[PDB]
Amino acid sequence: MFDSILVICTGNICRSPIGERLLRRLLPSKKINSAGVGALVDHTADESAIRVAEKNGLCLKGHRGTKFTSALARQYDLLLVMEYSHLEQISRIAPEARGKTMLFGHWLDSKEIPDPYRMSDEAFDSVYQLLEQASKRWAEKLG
């Protein structure tokens, strides 16, 4: 059913690139990409995002900041967004995509993945763990 996944945050330089790569790791046969409702277009992944990722053996290399659009959403069967506030931005930008959008941390007790941008390394450690735990559970479901 859900063969394509679009992972979405704000900048597309911290959370979604990490969520994207975690999910690809777990579900190698699916088309998994990422974008941001406030994306820094053509920007590489955030330095702190790359730090926490490599520290955990995860590779963010080759990433490119990408803007989320209704047109892009059309190519994916499932959208996973980081924040509650993102849900309303999807409704506003892509009304026809809202019906296939869910939180990235839907399966976690607390569902929102907080914004680490500009924060210290330990906030990034924390966000990484949340993304990782959320990813394992999403993979359990789509398997």
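Residue indices: 1-based, along the sequence shown.
For the pair 130-138 and 9-17, the mean Cα B-factor is higher in 130-138.
Stretches 77-85 and 90-98 differ in mean CA B factor, with 90-98 having the higher one. Of the candidates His106, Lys31, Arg64, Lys67, the deposited coordinates give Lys31 the top C-alpha B factor. Take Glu54, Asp115, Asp42, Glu47 and read off each C-alpha B-factor from the entry; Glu54 has the highest. For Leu27, the recorded CA temperature factor ranks within the highest third of the chain's modelled residues.
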